[PDB]
Amino acid sequence: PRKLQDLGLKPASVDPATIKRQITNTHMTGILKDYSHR
Amino acid sequence: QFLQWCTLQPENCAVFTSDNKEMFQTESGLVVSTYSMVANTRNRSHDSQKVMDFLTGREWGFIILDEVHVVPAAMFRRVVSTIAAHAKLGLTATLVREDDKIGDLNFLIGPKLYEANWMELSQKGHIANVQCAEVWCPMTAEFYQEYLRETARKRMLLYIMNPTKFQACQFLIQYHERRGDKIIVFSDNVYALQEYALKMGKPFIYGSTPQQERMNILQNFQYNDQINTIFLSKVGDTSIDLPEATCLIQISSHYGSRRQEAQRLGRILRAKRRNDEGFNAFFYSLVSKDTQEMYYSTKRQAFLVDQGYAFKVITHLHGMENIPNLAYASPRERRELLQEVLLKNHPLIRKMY
Amino acid sequence: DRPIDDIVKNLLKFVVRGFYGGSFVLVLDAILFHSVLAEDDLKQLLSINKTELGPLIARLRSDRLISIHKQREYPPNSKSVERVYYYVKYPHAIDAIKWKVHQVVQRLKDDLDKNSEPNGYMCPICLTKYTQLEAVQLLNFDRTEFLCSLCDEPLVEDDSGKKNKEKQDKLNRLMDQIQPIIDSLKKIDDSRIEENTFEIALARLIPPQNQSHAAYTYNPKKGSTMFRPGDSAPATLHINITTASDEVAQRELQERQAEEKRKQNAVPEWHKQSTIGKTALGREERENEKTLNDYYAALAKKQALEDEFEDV
Ligand SMILES: [Mg+2]
Ligand SMILES: [Zn+2]
Numbered sequence: 275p276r277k278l279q280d281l282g283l284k285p286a287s288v289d290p291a292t293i294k295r296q312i313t314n315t316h317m318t319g320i321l322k323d324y325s326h327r
Numbered sequence: 423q424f425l426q427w428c429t430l431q432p433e434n435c436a437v438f439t440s441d442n443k444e445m446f447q448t449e450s451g452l453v454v455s456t457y458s459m460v461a462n463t464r465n466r467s468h469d470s471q472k473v474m475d476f477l478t479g480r481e482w483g484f485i486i487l488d489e490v491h492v493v494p495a496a497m498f499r500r501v502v503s504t505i506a507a508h509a510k511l512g513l514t515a516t517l518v519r520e521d522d523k524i525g526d527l528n529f530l531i532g533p534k535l536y537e538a539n540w541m542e543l544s545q546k547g548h549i550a551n552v553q554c555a556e557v558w559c560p561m562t563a564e565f566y567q568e569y570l571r572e573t574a575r576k577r578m579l580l581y582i583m584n585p586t587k588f589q590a591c592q593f594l595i596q597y598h599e600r601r602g603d604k605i606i607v608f609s610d611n612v613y614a615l616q617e618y619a620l621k622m623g624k625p626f627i628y629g630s631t632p633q634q635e636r637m638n639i640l641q642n643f644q645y646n647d648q649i650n651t652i653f654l655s656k657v658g659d660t661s662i663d664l665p666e667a668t669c670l671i672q673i674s675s676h677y678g679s680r681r682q683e684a685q686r687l688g689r690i691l692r693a694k695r696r697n698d699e700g701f702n703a704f705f706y707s708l709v710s711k712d713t714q715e716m717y718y719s720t721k722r723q724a725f726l727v728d729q730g731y732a733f734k735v736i737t738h739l740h741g742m743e744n745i746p747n748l749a750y751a752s753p754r755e756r757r758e759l760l761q762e763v764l765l766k767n830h831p832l833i834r835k836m837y
Numbered sequence: 002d003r004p005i006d007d008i009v010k011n012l013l014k015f016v017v018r019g020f021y022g023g024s025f026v027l028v029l030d031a032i033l034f035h036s037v038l039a040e041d042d043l044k045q046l047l048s049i050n051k052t053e054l055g056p057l058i059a060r061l062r063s064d065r066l067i068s069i070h071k072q073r074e075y076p077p078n079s080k081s082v083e084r085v086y087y088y089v090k091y092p093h094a095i096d097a098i099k100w101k102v103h104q105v106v107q108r109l110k111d112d113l114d115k116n117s118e119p120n121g122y123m124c125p126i127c128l129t130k131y132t133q134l135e136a137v138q139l140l141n142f143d144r145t146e147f148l149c150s151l152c153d154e155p156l157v158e159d160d161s162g163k164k165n166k167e168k169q170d171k172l173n174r175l176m177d178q179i180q181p182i183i184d185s186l187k188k189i190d191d192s193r194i195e196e197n198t199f200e201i202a203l204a205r206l207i208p209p210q211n212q213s214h215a216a217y218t219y220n221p222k223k224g225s226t227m228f229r230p231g232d233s234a235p258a259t260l261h262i263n264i265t266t267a268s269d270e271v272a273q274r275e276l277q278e279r280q281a282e283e284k285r286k287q288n289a290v291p292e293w294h295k296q297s298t299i300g301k302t303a304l305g306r349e350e351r352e353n354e355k356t357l358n359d360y361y362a363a364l365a366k367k368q369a409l410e411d412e413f414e415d416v
């Protein structure tokens, strides 16, 4: 791909190296639901 | 509230509490601390000592004293003198206290600038209306027999857990829960608070609970439909915002203190739905008949009457007998409660073991 | 799908049919007609032995017109064996084709330019080529004939003096013959192609056989950090028709909701009436219609396998 760009030809590919991988009240044992955010 | 209302960037704001003590290094900023941190004089650690030097060294311009009705105390008033500021503002809903030190606020922070009438704001839709009521709960004969003999110190505990008040509190809570009301139950006595919650199977909050747990309980009580009632204590008596709270019950509270009655009433004055037609917040104060609580109850609500709120006497709750079950209905259970409340008062050696 | 995919396929078809022999067309066409194709399936599709398939796959792999993918398979009834799949990575093939076309054209242009220069010289004995500059310094004292260094023999003028036109003809033919490739590339550059992968290619798979042994599935190993070279590439609507009977029913439901709505703000009974005097708390037309219908009728007459699953 680098060589084609040097000659002015658009390369339809990329270098693979450029790809990046990507307490109280305990009598309510389970009644209390975690409404932490709204 | 500061971040959302104004445009101050988070960079210039520093909070000086027991958790974090970092101070802003920018030219100017804000410090939202507590009187306990600034009023301490004897034991300040290295982390807090550096903050104290930063506060004292610089010449500040403004100081805001929320709940300024506790500034003229013995050592809370030291912060006013120690902290240098060219202007001082006091913000308290109630400007009264038991002792005659209330008038001292004139020279600690200045005179009274403006006072807003409670009734005028209520009719303008800015604050909710409250139907204050006082329920008379006559104590049963068996309990009252020990009331006369028992000493005053244990007398409080005796009539705070009278069976009649349990029935009133349970019936009122269930009736308002059916209506769909967020109920807050206040109780100064920790032991009574625990007894109510353990039997009723409802969450309770008191001084020993941590910040994380109480916040989790508070969040559940607000955003969850399953839980609609909580059992608070003197901790949440002031400067707590509960928009969803509409109903309040006070089984027993802090003797003759008046500000406690008014400040606790302020929790349900926060009702979000304070403009819908026909809405009336409910504020109850269960009081045992033929007890010193009547003397305290009539004395503590002497500030609300001055403001304009009127208390209604409820001798009996209609439909209370048809409720399926009530606490301590049979004599056997009542006597069991009476006895319980009456009874209240070398590496080598290591391998061997 | 997309129009560009056909353009890329056409470019590959022309390249394989022109610049490669016959068997190459069969292999690439089979892998273009289908998606990722197992080696065993490819053999039986063309009925060509493994030895003959080797040269075709190897050369196509060398030119990067076909990509390879090896993954471990675990047949439920046989010991695990490594399987090889072949597919086409369009960015790779287009990239390879573009470079080769430029190189061939450039080589002819350079060769054409070279032929325009003077012929040169060579020694018949040692077959050593001498340039005009190099031959000038090796001439004899009489300065009549060039002399070789190794052989000390007269040199002979080189050929290629008459090819000035032949190479021009060669360049003319290739450009005209290779026209469709440039036209296809021009359209390819205008659009943007997405790089193909073994998993991606499987989306367009047309199974070659009925009971192919190879499993045409990509089950990547759970949470594996290993990386191999060249193996990585860049609500329902229901409608209910409400009739007159249903419309009033909805009104009744709405009326019930309104009645219940006021209750949450309604004042209790204790609050309403002052309770001081009460006790304490604690402890036939059908026949007429028929005759009318008969009468009106008379009037008209007178006038006239257990696996985990979820419900989707
Ligand atoms: Mg406030
Ligand atoms: Zn020679």
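Chains as they are written, first to last, in PDB author numbering: chain X, 275 to 296, 312 to 327; chain 7, 423 to 767, 830 to 837; chain W, 2 to 235, 258 to 306, 349 to 369, 409 to 416.
Ideal placement from N, C-alpha and C gives every residue a C-beta, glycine not left out.
Under 8 Å between C-beta atoms of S450 (chain 7) and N462 (chain 7): The residue you call residue 450 (chain 7) lines up with position 28 of the second sequence. The residue you call residue 462 (chain 7) lines up with position 40 of the second sequence. Cβ distance not < 8 Å, so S450 (chain 7) and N462 (chain 7) don't count as in contact.
Residue from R575 (chain 7), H598 (chain 7), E572 (chain 7), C559 (chain 7) with nearest C-alpha to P585 (chain 7): Position 163 of the second sequence, counting from 1, holds the residue named residue 585 (chain 7). It is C559 (chain 7).
CB contact flag (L304 (chain W), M742 (chain 7), <8 Å): As a position in the third sequence, residue 304 (chain W) is number 281, starting the count at 1. As a position in the second sequence, residue 742 (chain 7) is number 320, starting the count at 1. Yes. Within cutoff.
Heavy atom of ligand 2 within 7 Å of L140 (chain W) beta-carbon: Within the third sequence, numbered from 1, the residue matching residue 140 (chain W) stands at position 139. False, no ligand heavy atom lies under 7 Å from that Cβ.
Under 7 Å by beta carbon: chain 7 residues contacting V290 (chain W): Here residue 290 (chain W) is taken as the residue at index 267 of the third sequence, counted from 1. What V290 (chain W) touches in chain 7: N702.
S661 (chain 7) CB to nearest heavy atom of ligand 1 below 7 Å: Counting from one through the second sequence, the residue named residue 661 (chain 7) turns up at place 239. Checking the Cβ of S661 (chain 7) against ligand 1 gives yes.
Three-way DSSP call (helix, strand, coil) for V37 (chain W) in this model: Stepping through the third sequence from its first residue, residue 37 (chain W) is reached at position 36. Coil, per DSSP.
For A59 (chain W) and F228 (chain W), the rounded distance between their alpha carbons: For the purposes of this step, residue 228 (chain W) is taken as the residue at position 227 of the third sequence. For the purposes of this step, residue 59 (chain W) is taken as the residue at position 58 of the third sequence. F228 (chain W) and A59 (chain W): Cα-Cα distance of roughly 24 Å.
Cβ neighbour criterion (16 or more within 10 Å) applied to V727 (chain 7): On the second sequence, residue 727 (chain 7) is found 305 positions in, with the first residue counted as 1. That one is exposed.
Chain W contact for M716 (chain 7) (CB, 8 Å cutoff): For the purposes of this step, residue 716 (chain 7) is taken as the residue at position 294 of the second sequence. So, not an interface residue.
Three or more C-beta pairs below 8 Å linking the region 662-670 of chain 7 and the region 693-708 of chain 7: yes
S297 (chain W) (DSSP reduced to helix, strand or coil): Numbered from 1 along the third sequence, position 274 holds the residue referred to as residue 297 (chain W). Of the three classes helix, strand and coil, the one that applies to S297 (chain W) here is coil, per DSSP.
beta-carbon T132 (chain W) near ligand 2 non-hydrogen atom, thresh 7 Å: If you number the third sequence from 1, residue 132 (chain W) lands on position 131. In this structure, ligand 2 has no non-hydrogen atom nearer than 7 Å to the beta-carbon of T132 (chain W).
Residues bridged to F588 (chain 7) [DSSP beta-bridge criterion]: For the purposes of this step, residue 588 (chain 7) is taken as the residue at position 166 of the second sequence. The secondary-structure analysis by DSSP pairs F588 (chain 7) with nothing; it has no beta-bridge partner.
Neighbouring residues, chain X, relative to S630 (chain 7) (Cβ below 7 Å): The residue given as residue 630 (chain 7) occupies position 208 in the second sequence. Near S630 (chain 7) (Cβ distances below 7 Å), the residues of chain X are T313.
Residue-chain proximity (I736 (chain 7), chain W), Cβ-Cβ < 8 Å: Mapped onto the second sequence, residue 736 (chain 7) falls at position 314. Yes, its Cβ sits closer than 8 Å to a Cβ of chain W.
Cβ contact (3+ pairs, closer than 8 Å) linking the region 195-215 of chain W and the region 72-92 of chain W: yes
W482 (chain 7) in three-state terms, based on DSSP: Within the second sequence, numbered from 1, the residue matching residue 482 (chain 7) stands at position 60. Coil.
Span of the beta strand (DSSP E) around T668 (chain 7): In the second sequence, the residue the question calls residue 668 (chain 7) occupies position 246. Run containing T668 (chain 7): 667-674, per the beta strand (DSSP E) assignment.
Alpha-carbon spacing of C554 (chain 7) relative to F704 (chain 7), whole angstroms: Translated into positions along the second sequence, residue 554 (chain 7) becomes position 132. Translated into positions along the second sequence, residue 704 (chain 7) becomes position 282. Cα to Cα, the separation comes out at about 6 Å.
Collapsed DSSP secondary structure at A362 (chain W) in the structure displayed: The sequence position of residue 362 (chain W) within the third sequence is 297, counting from 1. Of the three classes helix, strand and coil, the one that applies to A362 (chain W) here is helix, per DSSP.
Bridge partners - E83 (chain W), DSSP secondary structure assignment: Stepping through the third sequence from its first residue, residue 83 (chain W) is reached at position 82. Within the DSSP bridge table, the entry for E83 (chain W) names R73 (chain W) as partners.
Classification of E158 (chain W) by the beta-carbon crowding that lies within 10 angstroms, buried from 16 upward: As a first step, residue 158 (chain W) is located in the third sequence; it is residue number 157 there, counting from the start. Residue burial is scored here from C-beta neighbours: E158 (chain W) has fewer than 16 other C-beta atoms within 10 angstroms and is therefore classed as exposed.
heavy atom of ligand 2 below 7 Å from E154 (chain W) C-beta: For the purposes of this step, residue 154 (chain W) is taken as the residue at position 153 of the third sequence. Within the cutoff, so yes.
Start-end ranges of the beta strand (DSSP E) lying completely within the region 679-741 of chain 7, minimum 3 residues: 703-711, 734-736
Delimiting residues of the beta strand (DSSP E) encompassing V437 (chain 7): Taking the second sequence and counting its residues from 1, one reaches residue 437 (chain 7) at position 15. Taken as a continuous stretch (DSSP letters only), the beta strand (DSSP E) holding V437 (chain 7) covers 435-438.
Residue environment, residue 395 (chain W), which counts as buried when at least 16 other CB atoms sit within 10 Å: Residue 395 (chain W) falls within a stretch that is absent from the model, since chain W runs 369 to 409 with no residues between.
Length-filtered (3 minimum) beta strand (DSSP E) runs lying within the region 157-226 of chain W: none
Closer than 8 Å to chain 7 by CB, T298 (chain W): The residue labelled residue 298 (chain W) in the question sits at position 275 within the third sequence. By this cut-off, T298 (chain W) is an interface position.
Distance, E755 (chain 7) Cα to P632 (chain 7) Cα: On the second sequence, residue 632 (chain 7) is found 210 positions in, with the first residue counted as 1. On the second sequence, residue 755 (chain 7) is found 333 positions in, with the first residue counted as 1. Looking at the two C-alpha atoms, the distance is approximately 34 Å.
Length at least 3, wholly inside the region 511-593 of chain 7: the beta strand (DSSP E) runs in chain order: Taken in chain order, the unbroken stretches of beta strand (DSSP E) that lie wholly in the region 511-593 of chain 7 and span 3 residues or more are 552-560.
Residue range of the unbroken alpha helix (DSSP H) whose run includes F20 (chain W): To locate residue 20 (chain W), count along the third sequence from 1; it is residue 19. Its alpha helix (DSSP H) spans residues 4-20.
C-alpha distance - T573 (chain 7) paired with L759 (chain 7), whole-angstrom precision: Position 151 of the second sequence, counting from 1, holds the residue named residue 573 (chain 7). Position 337 of the second sequence, counting from 1, holds the residue named residue 759 (chain 7). About 19 Å.
Neighbour list for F626 (chain 7) in chain X, Cβ cutoff strictly below 8 Å: Along the second sequence, read from residue 1 onward, the residue named residue 626 (chain 7) stands at position 204. Result: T313, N314.
C-alpha distance - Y219 (chain W) paired with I194 (chain W), whole-angstrom precision: Here residue 219 (chain W) corresponds to residue number 218 of the third sequence, with the count starting at 1. Here residue 194 (chain W) corresponds to residue number 193 of the third sequence, with the count starting at 1. If you take the alpha carbons of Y219 (chain W) and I194 (chain W), they lie about 23 Å apart.
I293 (chain X) at chain 7 interface by Cβ criterion, 8 Å: Indexing the first sequence from 1 puts residue 293 (chain X) at position 19. Chain 7 contact via Cβ: absent.
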